[PDB]
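In what follows, a structure is listed as C-alpha cells, so that the remarks can point back to it.
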Amino acid sequence: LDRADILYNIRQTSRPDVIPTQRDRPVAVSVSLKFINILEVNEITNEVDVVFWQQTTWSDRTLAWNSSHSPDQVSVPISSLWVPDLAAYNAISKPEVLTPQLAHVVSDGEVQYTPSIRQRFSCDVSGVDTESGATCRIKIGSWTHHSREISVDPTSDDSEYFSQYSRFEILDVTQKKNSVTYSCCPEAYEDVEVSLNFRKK
Amino acid sequence: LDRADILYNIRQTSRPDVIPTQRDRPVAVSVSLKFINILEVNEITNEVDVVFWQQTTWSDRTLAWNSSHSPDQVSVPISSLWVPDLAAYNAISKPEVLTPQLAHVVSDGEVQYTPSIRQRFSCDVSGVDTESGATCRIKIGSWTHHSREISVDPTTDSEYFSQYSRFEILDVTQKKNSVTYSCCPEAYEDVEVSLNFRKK
Amino acid sequence: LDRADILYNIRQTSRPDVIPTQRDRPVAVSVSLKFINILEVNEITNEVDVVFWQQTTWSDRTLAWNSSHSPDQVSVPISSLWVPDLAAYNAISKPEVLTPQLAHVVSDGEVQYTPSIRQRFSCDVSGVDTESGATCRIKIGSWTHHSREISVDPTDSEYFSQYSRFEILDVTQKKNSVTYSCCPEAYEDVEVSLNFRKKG
Amino acid sequence: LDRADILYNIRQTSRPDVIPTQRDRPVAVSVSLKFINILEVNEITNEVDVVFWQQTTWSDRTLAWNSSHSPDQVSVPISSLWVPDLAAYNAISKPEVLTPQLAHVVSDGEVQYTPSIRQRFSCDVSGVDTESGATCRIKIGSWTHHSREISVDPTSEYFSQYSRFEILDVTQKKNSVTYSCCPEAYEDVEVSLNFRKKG
Amino acid sequence: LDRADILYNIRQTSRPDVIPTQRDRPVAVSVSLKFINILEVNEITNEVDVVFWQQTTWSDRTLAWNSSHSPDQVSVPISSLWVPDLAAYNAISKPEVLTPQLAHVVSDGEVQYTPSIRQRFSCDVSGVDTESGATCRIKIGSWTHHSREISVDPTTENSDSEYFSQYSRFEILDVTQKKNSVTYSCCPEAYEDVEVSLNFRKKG
Ligand SMILES: CCOc1cncc(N2CCCNCC2)c1
Ligand SMILES: CCOc1cncc(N2CCCNCC2)c1
Ligand SMILES: CCOc1cncc(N2CCCNCC2)c1
Ligand SMILES: CCOc1cncc(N2CCCNCC2)c1
Ligand SMILES: CCOc1cncc(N2CCCNCC2)c1
Ligand SMILES: *[C@@H]1O[C@H](CO)[C@@H](O)[C@H](O)[C@H]1NC(C)=O
C-alpha cells in the first residue's frame, strides 16, 4: 500500500454521515483549546474575540489499514470523514476557520483535527483591567448526539502558543466536564467547559 | 438494521423536494423559539439583534423504519431531508446559522431541527430603558405553502438566556395567525412570538 | 399524478438554461415591488437601504401538466427552473436574499417567484426631511436579453413596516425601452418611483 | 437548430478549462470599463470605491454553429465557457459581481461578458477637491497567461447623476511588462480615470 | 498533444488529495512573499493589514508530459491539483484571495501558484512612526505535514519594494527571510516554517 492507495480506499468506503460507534459504546471525543490570541474585549457588553486551536481527537476503525510496509499516516480532507458535531453554546458568531481543512489519520484509525478558529463569545469580562483578571467560560459539546452516542472529555501550559504581542495575558486555563439534561429530551448531553483567566497588560 | 444501513436508505429515497403531505392534510409543523441573547438594541431606528434556538418539529413517514433490533434514532444532514420553508417576516438580515446543520430523526418518522440563529429584526423597541420594558414581536411562517399544505403551531423563558447579556427577559408569549395576502385566495399561517425585555 | 411524480418530471426535463420563448415571442415577465422597510438613508451621499418583495411572474409551458385528478400547484427550487436575469441598474450592492429560494408553479405553466430582498441603491435623496419628501427611482430590467426575447411590464404601504423611521407617500411605475451603445436592439426595463419622507 | 439544441451542444462540448487558441496565436481579448459610480473616496489613505461595467470580448470558434434557420445568439452561464483570467493589479478587495453571470454568444463564436462590478482600489486621490481633479489608474490584465497566449487591447455615458463626484476624462493605454519570475511578457490595459468632487 | 489533450489527462489522473512524495522524500516547497500594500496599522492593538503575492513552487511528476511537439505549459484550476496546506500562524483573519485561482504547470511537472492575498496579522507594530520603523514577522508553514513529508524553504534568488505601491501611507525599509524547524507538544516530528521579517514605517 502506498499513500495513493490508502486515500483512494478512504474516499470510496468512508461514510462521512455515519457515526463510528463500536458496539453501543459512545465515540470518545477529546477536546483541547490552545489559546493563540485575545483581540477585542468589551467590558460594557460582555463580549470577547478569541483565536484558538481546537484540537479534536477520536477513533474510527473504518479508516484503519495494515501499515506493515506502508505509510502509518495520511492527511485527509474533512469532507471525506465523519467528524463530531461540536458547537460553542455561548458563541455569538459562526466559527471562522483560518487553516486548511485537513485531518490527520493514523493507520490504527486515530483521527486528529486541529483547526485554528477566530470566534466571538458572550461571557463574564468584569475585572479585565484588574490584577486578578476576568474569567471567561466557553462551553463546547455535541449539538445533536447524546451521552451514549458521543462523550466529550478534556485532555499543559496555557500561554505555550499565546501571542506575546496581544494586549492581554493569560493567568490560568482550567477545564471541566458537564453532563446536562435539556427540556427537550430525557437523555443527557455532555460538554466541556473551559475557563480562561486573563487580564490587560 | 444498523445506523449505516438506515442513513444509506435515507440518502437514496428521501426526496428533499417533496412535501410529506398525508392524504391532503397539511404537514403540522411546530415552532418554538428559545432566546439565548440580546445583542444590539437601537431605540432610535427600532432594530434588535437576537440569538435564539429555532426548534422546529414535524412528521415525515417516508423516513420511518422498523427498529426491533435497531437504533431508534439517527442524525441526518438537512440537505438529505425535506425541510419546511419558514421565514421571519420582519427580519432585516438573513439568518446566520451558528450550529452544525443536522436534524434528529426518530424511527417513527419524527423530525426535529433546532439550529442556533443570530438575526437582526425590525420591531418596537420603545421603553427598553423602562421598568415595564419593550415588547418586540417576531412573525414566522411558511413562505410558499398555504394553510392546507403547511400549518404552523406554537408548542405546548430565560432558561437558556445568557446571564451576561445587558438585557433581561420579562416574558415570552406565543400566538397563531391566519392571514390572507393580496396575491392569493388561500390563507397563510404564521406564529407571532412576543418578547418582553428591558435593559438591566 | 401526485406531487412526487410532478417534481420528478420537472427535475428531469426542465432545462434551466433555456429561455421558454414561444414562436418567437418575448417571454412576458411582470415585475412588482412591495416595499417592506427603509433602513439607512444618507442625504449627503445619496444612498438608501431598502427591503422589498420582488414579485416576478412569467409563463413556461415546459412545466405544465394535466391537473385532472392531481395537484394544481407545487413549490420548486429555483435551481431547477429557468428564471429571468433581472438586475437593478442603480444598485450599489448585490441583492441579499432573505427568504427560501422557491418558486410557485401552477399546472398551466405559470411561475411566480417572490423573494424578499435587502439592497443598497444610488438615487435622489434630497428633501427626505421635508413635507413633500424625496423621490428615489429604481430601474429594473433584463441584463442580457433584448426586447424580442424578454419584455418587462408593471403589474403602497400595504406591507410597509410601521416601525420604520420613514413613511411612504406614493409609489408609481413606468416602462422604458432603451437602446445602449453596444447593440442595435432595445432593452426593456421598469422604473419604480418611490416617494417617501422622514416621520415627525 | 433551436435554442434548446444549441445550449445542449454547448453544455456537452464546451471545455471551460481550455483556452481557445488558434494555431498558437493569442486569444485577442478586448476590455472596456464603463464607469457607473464613485462611492467612497479617502484622500488620506489613497483608496477609492468604484462601480463599473467590465465589458470583455473575445472569440471562441468551439462555440460556433450554423445560424441558417436558427437563432444567431444565446445567453450562456459563464460556468459553461472558457473565460479570460483577468485581474485588477491594484485592487484591494475582491470583485463584487452585481449582475447575473451570463455571457452573450453569437453563432460565429463571438463572446461578450459584461458584469457590473463594485471594487475598492489603491490609487492617486490627491487633488480630488480641486478644479483639475485626481487621476486614478486601474491596471487590468491576464494573471497566468503571457503575451503569446492572451493579448489584451483597449476598445459619463452611464455615470450616475447622483454621485458626489463627476468624470472629467477617461483614457486607455496598453502595457507589456516583464516580471521577475518569467522571461515572457504579460500584457495589461491601464485605464486612467480623471474625476473630482462636485461644487 | 495539444492543450485540450493535456488538460484532459490532468483532470482524469491528477489526484488532488495525494501528496506527490518521491521515494520517501519531502516535497520541497518554495515560498516567497512579494509585498504590494500595507493598509491598516494599529500600534495600540498590534495589528496590520497586508496585501501580498504568495509565490509558491513545487514539483509534481504525476503532471508531466512529453513536450516534444507540444505546448510546454498550461494553466490549471487549483481544484484539479494537489496543493501544499500552508497557513500563516499569526494570521487573525482567513486569507482573502483577490485573483483567479489558477496554477502554472510546466511539462516537467513544475508547478507555480501565486495568488494575491489580503490578510490581517498580529505582530510587533511599535516604532512604526519612527525613523527606524517597526519589524513585523509572518510565520508560514505546513499545517498537517511534518518535515519528512513537506519542507519549506525561502527562495534562493534575491529581491521588496519591487511591486510595492507608491500610494501606500507606508514604505518598506527591508525584507528578510529565515527558516525554522519547530517541535510541537502534540507530536515527536518537526514541522518546518518560513519566517518573513518586514521592516517598514510611516512616510513623512
Ligand atoms: C430531539 C433532539 O434533537 C435536537 C436537535 N438539534 C439540537 C438539539 N439540542 C438539544 C440537545 C443538546 N444540544 C443543544 C440543541 C436537539
Ligand atoms: C401562490 C404562491 O406564490 C408565492 C410565491 N412566493 C412568495 C409568496 N408570498 C405570499 C405568501 C406569504 N409569503 C410571502 C410572499 C407567494
Ligand atoms: C452585446 C450584448 O451582450 C451583453 C452582454 N452583457 C451585458 C450587456 N448589457 C447591455 C444591455 C443592457 N444591460 C446591461 C449590460 C449586453
Ligand atoms: C510562471 C508564471 O506563473 C505565474 C503564476 N501565477 C501568477 C503569476 N504572475 C506573474 C505574471 C504576471 N501576472 C501577475 C501574476 C505568474
Ligand atoms: C498529530 C498531528 O496532527 C495534527 C493535525 N492537525 C493540526 C496539527 N497542528 C500541529 C502541528 C503544527 N501545525 C499546527 C497544527 C497537527
Ligand atoms: C517524444 O516525442 C518524439 C516523437 O514525436 C519521440 O521521438 C520521443 O521519444 C518522445 N519521448 C519520450 C516518450 O520520452
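FYI the Cβ positions are ideal-geometry reconstructions off the backbone, even for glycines, and counts take in every protein chain you see. Rule-based calculations on the coordinates, nothing more; no lab input.
Values as computed for the structure displayed
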read-out: Residues located in the range D:21-53, provided they are more than 12 Å from every other protein chain (Cβ to nearest Cβ) and either under 16 Å from C:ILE92 (Cβ atoms) or among the aliphatic types (A, V, I, L, M) (or both); value: D:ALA28, D:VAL29, D:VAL31, D:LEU33, D:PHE35
read-out: Residue in the range A:50-61 that is under 28 Å from B:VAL74 (Cβ atoms), among the aliphatic types (A, V, I, L, M) and crowded, with 19+ Cβ neighbours inside 10 Å present; value: no
read-out: Residue match in the range B:153-170 (condition: closer than 30 Å to C:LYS34 by Cα and out of contact with any helix residue (DSSP H, G or I) (no Cβ under 6 Å at 6 or more places or on another chain)); value: yes
read-out: The range A:137-158: number of residues that are in contact with a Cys (Cβ under 9 Å, 6 or more places away or on another chain) and not in a strand (DSSP E or B); value: 1
read-out: Test: residue in the range C:159-177 that is farther than 19 Å from C:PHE52 by Cβ, in a strand (DSSP E or B) and either more than 16 Å from ligand 6 (Cβ to nearest atom) or in contact with a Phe, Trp or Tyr (Cβ under 9 Å, 6 or more places away or on another chain) (or both); value: yes
read-out: Residue check, D:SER151 away from every other protein chain (no Cβ under 12 Å), under 19 Å from the mean Cα position of the chain (by Cα) and buried (at least 16 other Cβ atoms within 10 Å of the Cβ); value: yes
read-out: Among residues of the range B:1-20, those that are in a helix (DSSP H, G or I) and at the interface with another protein chain (Cβ under 7 Å from one of its Cβ atoms), counted; value: 3
read-out: Cross-chain or 6+ apart pairs with Cβ under 7 Å, the range D:157-182 first and within 11 Å of chain C (Cβ to nearest Cβ), then part of a loop (DSSP other than H, G, I, E, B); value: D:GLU157/C:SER181; D:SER160/C:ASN90; D:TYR162/C:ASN46; D:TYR162/C:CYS123; D:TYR162/C:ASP124; D:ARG164/C:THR45; D:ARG164/D:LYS198; D:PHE165/D:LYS198
